[PDB]
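A.B. asks: Have a look at this one.
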Amino acid sequence: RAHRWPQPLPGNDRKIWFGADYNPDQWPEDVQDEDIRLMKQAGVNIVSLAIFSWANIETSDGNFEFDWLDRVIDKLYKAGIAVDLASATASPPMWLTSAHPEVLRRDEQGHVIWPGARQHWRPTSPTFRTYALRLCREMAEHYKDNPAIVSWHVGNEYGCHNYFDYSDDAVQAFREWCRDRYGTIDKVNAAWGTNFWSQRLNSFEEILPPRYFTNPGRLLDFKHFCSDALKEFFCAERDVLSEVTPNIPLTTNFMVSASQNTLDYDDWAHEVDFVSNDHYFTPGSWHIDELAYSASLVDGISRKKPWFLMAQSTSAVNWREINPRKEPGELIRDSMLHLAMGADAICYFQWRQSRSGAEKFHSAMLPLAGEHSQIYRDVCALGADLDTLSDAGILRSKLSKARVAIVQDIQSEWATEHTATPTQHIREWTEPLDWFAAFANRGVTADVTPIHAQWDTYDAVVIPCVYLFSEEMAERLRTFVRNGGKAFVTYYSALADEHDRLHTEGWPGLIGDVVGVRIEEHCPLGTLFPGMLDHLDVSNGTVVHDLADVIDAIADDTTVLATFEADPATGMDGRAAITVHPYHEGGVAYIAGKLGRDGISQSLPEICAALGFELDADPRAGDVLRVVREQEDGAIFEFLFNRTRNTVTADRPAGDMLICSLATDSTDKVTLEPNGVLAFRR
Amino acid sequence: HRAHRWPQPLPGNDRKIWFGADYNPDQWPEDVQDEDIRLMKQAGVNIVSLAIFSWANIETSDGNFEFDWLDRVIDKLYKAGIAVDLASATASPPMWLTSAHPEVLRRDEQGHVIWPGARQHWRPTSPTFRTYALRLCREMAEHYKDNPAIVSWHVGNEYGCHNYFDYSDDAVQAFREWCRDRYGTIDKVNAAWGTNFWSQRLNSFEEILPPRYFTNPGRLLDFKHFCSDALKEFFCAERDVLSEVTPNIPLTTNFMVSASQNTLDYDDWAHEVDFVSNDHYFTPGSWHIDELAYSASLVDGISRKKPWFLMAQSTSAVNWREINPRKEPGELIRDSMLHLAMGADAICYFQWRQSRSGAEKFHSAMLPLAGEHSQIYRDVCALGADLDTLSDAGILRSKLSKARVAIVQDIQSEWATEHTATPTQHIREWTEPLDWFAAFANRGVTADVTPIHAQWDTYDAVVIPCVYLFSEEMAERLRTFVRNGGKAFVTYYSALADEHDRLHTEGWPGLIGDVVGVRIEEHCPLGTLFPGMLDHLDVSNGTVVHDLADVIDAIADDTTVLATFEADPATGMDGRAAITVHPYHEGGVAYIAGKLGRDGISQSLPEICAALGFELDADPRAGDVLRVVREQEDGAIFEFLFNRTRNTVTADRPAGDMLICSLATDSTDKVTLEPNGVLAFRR
Ligand SMILES: [Zn+2]
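Those sequence lines, one after another, are chains A and B.
Following our numbering, the numbering of the first sequence begins with 4 at its first residue and continues without gaps.
Following our numbering, the numbering of the second sequence begins with 36 at its first residue and continues without gaps.
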């Protein structure tokens with residue numbers, strides 16, 4: 004579906020968008036002039052409105068009021084601040100839930116989710132759909148041809164909570180979903196099979212949603228269904244809006260992060276004009292790498308098209324058990340990281356910190372400390388930096404193509420989440436992250452690519468715990484390697500087909516010819532009981548934890564790079580841990596256990612040399628993350644990030660210094676403090 | 036603010052320190068009572084509490100009340116010279132009541148009916164239950180009217196130990212009315228609670244629902260407050276029936292005051308009793324002594340230095356923890372003495388006789404299953420003898436002396452700190468005063484723990500420990516206190532929000548920044564939730580901050596920095612102020628920018644106190660023993676000494692007559708206390 008970016012207010016040039024969601028219907032109106040003045044001072048050129056404002060718009064059934072919203076849009080418009088308008092359907096009013104409790108979601112035991120909870124509505128509720136679609140229409144009619152409205156923010160963060168509904172509506176929708184996908188009940192039974200204690204289904208009317216063992220095939224599809232049910236609802240809403248206002252681009256805010264495991268966002272991405280994401284930092288060592296990863300993923304989801312950062316935090320969030328604040332410079336750096344990874348818009352949640360409500364301790368662009376605060380000063384500096392990058396022509400440039408793509412796959416994640424796997428300590432989502440960080444440690448910025456993206460055009464691909472391999476997936480991987488591709492393939496790859504039906508005759512399934520390895524069972528690892536086998540040393544100085552493959556046999560042309568070292572009694576001593584295997588013009592290395600970020604990093608030079616993937620032999624390669632956006636004219640925008648907890652010194656990129664935070668430009672070398680960032684144009 | 040009335044002796048008897056426990060005769064055969072009574076007399080037991088859970092044995096069926104079994108045992112107790120603290124007997128309703136009226140049963144957050152057999156399975160706001168309860172109160176009062184054995188009323192039992200949170204239809208309606216009464220108009224409600232970013236304001240009181248398992252923190256604050264008020268009302272209702280029929284019997288209800296108690300506003304409830312009574316159970320380990328001393332001090336603060344009643348404690352182990360450690364030799368006597376020293380004029384246990392069955396069977400008692408020939412019973416006897424000795428020495432009605440420093444405790448600040456969307460779940464209000472109590476004790480200063488509405492503003496110094504909620508009136512008291520020469524210790528997590536949990540603006544601490552001399556824009560929470568997370572901050576005086584530090588952006592020109600943080604420069608905390616001191620006219624303000632814990636505070640106390648001009652004993656042995664002092668009007672002084680450490684210590688002998696000693700020794704020049712030892716002197 005066609006890429007469509009939000010366009011400037013009439014009279015304005017195209018700028019990197021910079022703003023936050025704004026909630027003036029929750030403040031007295033006399034506040035707005037100060038907010039706007041501070042917005043303009045910060046370099047803020049957009050705000051997102053009406054997201055949770057339904058009860059202030061449809062104040063009673065059928066009755067729509069727009070006075071307050073028109074007044075604030077008017078003020079914002081005169082200051083030159085655009086409005087990313089919401090469908091306002093995210094959070095229904097109390098009169099709606101009180102008159103119509105059948106729109107309220109049910110949990111696994113039939114407990115009604117009380118209003119006041121966020122997203123307490125059934126995505127498959129026909130009644131709620133009618134109310135919501137009416138509101139979309141009223142909103143779209145009213146703001147039709149208003150030059151202040153530059154995009155639609157449809158709903159808000161779908162499935163942040165209402166992902167799992169067990170109401171009657173959901174039960175029927177899941178049946179119909181199964182009907183559309185499988186046609187006949189025989190094909191369903193073929194897909195799901197049977198739990199040993201139960202028997203085949205006789206009709207679609209016998210299908211019930213899985214609850215808290217469950218049928219893994221049914222659970223896989225049920226998760227799939229939940230994403231589709233919410234996708235359909237978003238599409239219905241989007242379709243109402245583009246009918247009335249066909250020239251205003253539409254989006255909804257995704258929640259892409261390394262561990263996100265609800266929506267298939269790559270699938271959802273086909274239904275948006277532009278991809279927008281909300282990302283909040285992971286505290287600690289993973290702060291930089293996980294943000295970089297998620298941002299790389301969003302761009303992969305965007306097929307290297309410009310995307311929109313709809314939300315992040317200026318400092319601490321409010322929803323963890325412990326909410327650390329951001330360190331100095333991280334506010335700007337994090338924003339630059341999203342930017343470098345292809346964003347052409349940087350927004351926050353929220354503009355102004357609140358004195359009450361559950362979000363009161365959540366940071367904002369304008370903290371309770373007010374205009375005289377380090378955050379606000381940093382927000383202003385950020386606005387200036389984005390303005391500077393705008394003028395240097397960064398807009399619409401694309402995140403350059405990596406030498407290696409790391410495959411991410413939401414469905415394999417779903418499959419790995421079942422409670423009867425070899426171990427609960429292995430999930431799909433951590434392996435791609437680990438590979439991203441390890442390559443970064445060797446000075447290689449990878450592209451994180453969803454499984455349906457074109458990773459098979461890259462020089463190399465990482466296949467990290469891709470549990471689910473369809474035959475077509477097997478062919479792409481086979482074709483890729485035969486034609487010269489280099490592949491890194493790990494444990495927990497190709498265990499089953501698209502229906503979670505385990506492959507037979509040995510693991511990895513389907514692609515054993517390419518990989519050159521056969522596995523009959525796994526060796527899970529841990530400390531659950533005294534004396535349990537908790538780790539396996541690998542012969543190259545690394546250690547595997549949580550799970551290792553038991554490699555039974557390798558092909559005659561398979562080379563062993565490293566073996567496991569263990570007590571002989573385990574049957575794992577001398578067994579292959581890392582292998583490399585030629586397949587025509589490629590190209591396949593196999594990693595038989597979870598090595599973690601460092602273990603992979605430690606193994607990378609030896610694996611890469613055997614595959615013929617050139618690595619920088621510089622031991623300082625990992626010190627800084629280089630992220631590069633490219634224009635058609637050949638202009639290159641290189642961002643540099645300190646990955647470490649110490650000041651580093653690096654060779655100066657060629658070109659003009661555009662931006663610097665906690666960093667220093669010199670003639671021969673460049674200097675970045677911890678959390679520092681530099682941007683150059685060459 | 037109600038008039039103090041202490042339970043008075045049986046006719047013909049002198050005033051003695053009360054000593055007893057709740058007694059269980061409707062759960063034993065009657066032929067046991069003579070032996071129990073004989074053993075009580077031998078133990079020095081002069082009082083028991085009866086009928087607490089005995090409703091089903093009194094109103095044996097709807098409308099029918101029998102008192103025979105109870106009249107008989109009271110008679111036996113009376114002839115033995117043992118007084119009775121009678122209960123309203125309304126704590127645990129009979130099954131015939133819950134069966135005919137399940138509408139009295141509580142609902143959980145999800146609407147599940149709490150089944151009978153759980154204790155306090157009843158709705159505090161049930162009108163049907165209140166009528167049944169008040170009928171029983173009246174019957175109890177009619178029947179024991181003018182009975183001379185009955186010296187007090189034990190109204191109900193430990194309100195809100197379990198039934199604090201009810202989500203039934205009654206609670207929903209009661210909470211609206213509670214809100215209507217407190218705010219008048221829905222405009223005032225919405226102004227108080229604000230909005231969650233995802234929802235919008237209320238249009239009417241009828242739209243108000245109780246918060247459940249994120250919530251609106253302002254609403255949750257008030258809901259907790261409501262839950263306390265709803266139970267307070269029910270107690271007042273019962274109390275009013277009993278004092279109407281028998282106006283000459285003083286009434287109480289048993290509180291559960293301990294360092295971490297977080298349900299009822301007991302300071303508020305204290306305004307509704309004739310005398311304050313408390314139930315306290317020891318905290319095992321290093322905190323055993325200090326937490327008991329703290330809790331007892333608090334009761335005395337709550338009681339405005341008037342005598343209070345220890346209604347319950349354990350002789351040895353309890354039964355409701357995951358591991359129930361037993362008491363060490365001497366701890367039984369010491370703990371009773373610790374309560375006593377902190378102002379109790381009564382010492383009672385749960386329970387008199389250990390039971391063979393029921394969930395309490397492993398809970399220790401005054402008379403264990405092991406029987407009369409047991410270490411606990413021998414100890415009980417020695418204690419009873421010692422209380423008689425202290426009675427004759429004239430300790431009754433003496434007051435816990437006025438400390439040089441008060442430590443402010445605040446249930447509402449605790450409530451507010453309990454919300455799941457704060458900077459961290461590892462900071463609660465309740466631990467901070469406790470820490471300060473222990474630290475001063477480690478420097479030889481017994482502090483008075485004072486609830487926020489007590490007169491901490493008359494003391495030489497005050498500790499403001501995580502007092503999250505600061506009203507404008509609260510800010511003025513502190514300002515006036517310090518201006519007029521008071522010395523204050525103020526910590527992180529103080530003055531964050533107003534009384535409605537609305538965060539103060541322009542910087543923290545709110546309102547009192549002029550006094551404190553420090554400005555904070557945000558917090559720096561600490562922990563190990565993720566790898567490489569910042570988990571601690573070294574302080575330049577050798578201490579370490581955990582869980583949370585303030586980010587102090589700027590200080591006043593007359594603010595002096597005593598210690599700074601030491602950290603990775605990348606954190607933005609390196610060299611930043613950790614402990615400051617600030618003159619404000621004639622005071623008086625030290626700021627502590629993170630959680631130092633007992634040892635960290637204790638280490639910091641000399642340098643802070645020297646700067647504030649608070650004189651400390653330079654004796655490094657100051658912490659070895661806790662000195663607690665009760666005072667009479669005539670000038671009589673009762674000084675108790677408690678060993679705080681795990682080794683035998685030696686101290687300068689107090690002046691006066693040695694009255695009591697357990698695991699301790701009197702000598703001419705020096706005094707000796709073994710671990711867990713206690714001495715008492717009259718001077
Ligand atoms: Zn239920």
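A virtual CB, placed ideally from N, CA and C, is assigned to each residue, including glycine.
Give the interface partners of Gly396(A) over in chain B, defined as CB-CB distance under 9 Å, in chain order.
C.D. replies: Those within 9 Å of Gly396(A) in chain B number zero; the least Cβ separation is about 33 Å.
A.B. asks: Looking at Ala176(A): is its Cβ nearer than 7 Å to the Cβ of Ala232(A)?
C.D. replies: Result yes, Cβ atoms of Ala176(A) and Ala232(A) sit closer than 7 Å.
A.B. asks: Please specify which runs of the alpha helix (DSSP H), each continuous and at least 4 residues long, are wholly inside the stretch 81 to 155 of chain A, giving them in chain order.
C.D. replies: List check, alpha helix (DSSP H) in window: 97 to 102, 129 to 146.
A.B. asks: Looking only at its own chain, which residues have a Cβ that is under 6 Å from the Cβ of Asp609(B), when we skip the five neighbours before and after it?
C.D. replies: Within the same chain, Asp609(B) has close Cβ partners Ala602.
A.B. asks: Taking C-beta pairs closer than 7 Å, name the residues in chain A that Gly562(B) reaches, listed in chain order.
C.D. replies: Chain A residues near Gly562(B): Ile325.
A.B. asks: Less than 7 Å between the C-beta atoms of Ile446(B) and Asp325(B), yes or no?
C.D. replies: Cβ atoms of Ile446(B) and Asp325(B): not closer than 7 Å.
A.B. asks: Does ligand 1 have a heavy atom nearer than 6 Å to the CB of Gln145(B)?
C.D. replies: Under cutoff, so the answer is yes.
A.B. asks: Compare the C-beta of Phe600(B) against all C-beta atoms of chain D and say whether one is closer than 7 Å.
C.D. replies: Here the protein chains are A and B, and chain D is not one of them.
A.B. asks: Using beta carbons (cut-off 7 Å, strictly below), is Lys597(A) in contact with chain B?
C.D. replies: Judged by the 7 Å Cβ criterion, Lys597(A) is not in contact with chain B.
A.B. asks: Is the stretch 160 to 178 of chain B close to the stretch 223 to 240 of chain B, with three or more CB pairs under 8 Å?
C.D. replies: They do not touch, by the three-pair rule.
A.B. asks: Tell me the residue span of the beta strand (DSSP E) that contains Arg50(B).
C.D. replies: No beta strand (DSSP E) holds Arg50(B); DSSP gives it neither H nor E.
A.B. asks: Would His114(A) pass as an interface residue toward chain B - the criterion being a Cβ-Cβ separation below 7 Å?
C.D. replies: So, interface residue.
A.B. asks: How many angstroms separate the CA atom of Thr187(A) from the CA atom of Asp224(A)?
C.D. replies: The straight-line gap from Cα to Cα measures roughly 15 Å.
A.B. asks: What span of residues does the beta strand (DSSP E) with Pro486(B) cover, start to end?
C.D. replies: From DSSP, the beta strand (DSSP E) with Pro486(B) extends over 483 to 486.
A.B. asks: To the nearest angstrom, how far is the alpha carbon of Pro9(A) from that of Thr652(A)?
C.D. replies: If I take the Cα positions, the gap works out to 39 Å.
A.B. asks: Listed in chain order, which residues of the stretch 134 to 163 of chain A have Cβ atoms closer than 9 Å to some Cβ of chain B?
C.D. replies: Listed by position along the chain: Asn159.
A.B. asks: Cα separation between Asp269(A) and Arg125(A)?
C.D. replies: Rounded to whole angstroms, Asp269(A) to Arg125(A) spans 23 Å at the Cα level.
A.B. asks: Counting only Cβ-Cβ distances shorter than 9 Å, please list the residues of the stretch 437 to 471 of chain B near chain A, keeping chain order.
C.D. replies: From the stretch 437 to 471 of chain B, only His454, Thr455, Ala456, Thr457, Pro458, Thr459, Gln460, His461 have a Cβ closer than 9 Å to chain A.
A.B. asks: Measuring only between beta-carbons, confirm whether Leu286(B) sits less than 7 Å from chain A.
C.D. replies: Taking Cβ atoms only, chain A never reaches closer than 7 Å to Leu286(B), which makes this a no.
A.B. asks: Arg537(B) versus chain A: which residues are under 7 Å apart at the beta carbon?
C.D. replies: Ordered by position in chain A, the residues that pass the 7 Å Cβ test against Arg537(B) are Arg358, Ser359.
A.B. asks: With 16 other CB atoms within 10 Å as the buried threshold, where does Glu557(B) fall?
C.D. replies: Buried.
A.B. asks: Less than 7 Å between the beta carbons of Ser399(B) and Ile382(B), yes or no?
C.D. replies: No, Cβ-Cβ distance for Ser399(B) and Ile382(B) is not below 7 Å.
A.B. asks: Quick one: what's got a C-beta closer than 7 Å to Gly303(A)'s C-beta in the same chain, skipping five residues either side?
C.D. replies: Around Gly303(A): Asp450, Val451, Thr452, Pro453, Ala456.
A.B. asks: Output needed in chain order: residues of the stretch 298 to 319 of chain A with a Cβ under 8 Å from some Cβ in chain B.
C.D. replies: The residues in question are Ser318, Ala319.
A.B. asks: Strictly under 7 Å for the Cβ-Cβ distance: is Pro566(B) near chain A by that measure?
C.D. replies: Closer than 7 Å: yes.
A.B. asks: Got a sec: is the Cβ-Cβ distance from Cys559(B) to anything in chain A below 7 Å?
C.D. replies: Judged by the 7 Å Cβ criterion, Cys559(B) is in contact with chain A.
A.B. asks: What residue does the alpha helix (DSSP H) around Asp302(B) start on, and which one ends it?
C.D. replies: Unbroken alpha helix (DSSP H) run through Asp302(B): 301 to 304.
A.B. asks: Extract the residue ranges of the alpha helix (DSSP H) inside the stretch 477 to 563 of chain A, only unbroken runs of 4 or more that lie entirely within it.
C.D. replies: Fully enclosed alpha helix (DSSP H) runs of 4 or longer: 515 to 518.
A.B. asks: Are the stretch 520 to 530 of chain B and the stretch 415 to 431 of chain B touching by the rule of at least three beta carbon pairs closer than 8 Å?
C.D. replies: Touching, no.
A.B. asks: Would you tell me roughly how many angstroms separate the C-alpha atoms of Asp171(A) and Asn205(A), rounded to the nearest one?
C.D. replies: Going from the Cα of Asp171(A) to the Cα of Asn205(A) covers about 20 Å.
A.B. asks: Please report how far the alpha carbon of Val67(B) lies from the alpha carbon of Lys437(B), in whole angstroms.
C.D. replies: Those two C-alpha atoms are separated by around 46 Å.
A.B. asks: May I have the straight-line CA-CA distance separating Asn678(A) from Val480(B), to the nearest angstrom?
C.D. replies: For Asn678(A) and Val480(B), the distance between alpha carbons rounds to 47 Å.
A.B. asks: Measuring straight from C-alpha to C-alpha, what distance separates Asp500(A) and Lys234(A)?
C.D. replies: The alpha-carbon atoms of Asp500(A) and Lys234(A) are separated by roughly 24 Å.
A.B. asks: Which bits of chain A does residue 18(B) rub up against, with CB to CB less than 7 Å?
C.D. replies: Since the first and last residues shown for chain B are 36 and 718, residue 18(B) lies out of range.
A.B. asks: Kindly indicate which residue of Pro96(A), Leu618(A), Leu681(A) has the alpha-carbon position closest to the one of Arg629(A).
C.D. replies: Comparing Cα positions, the closest option is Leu681(A).
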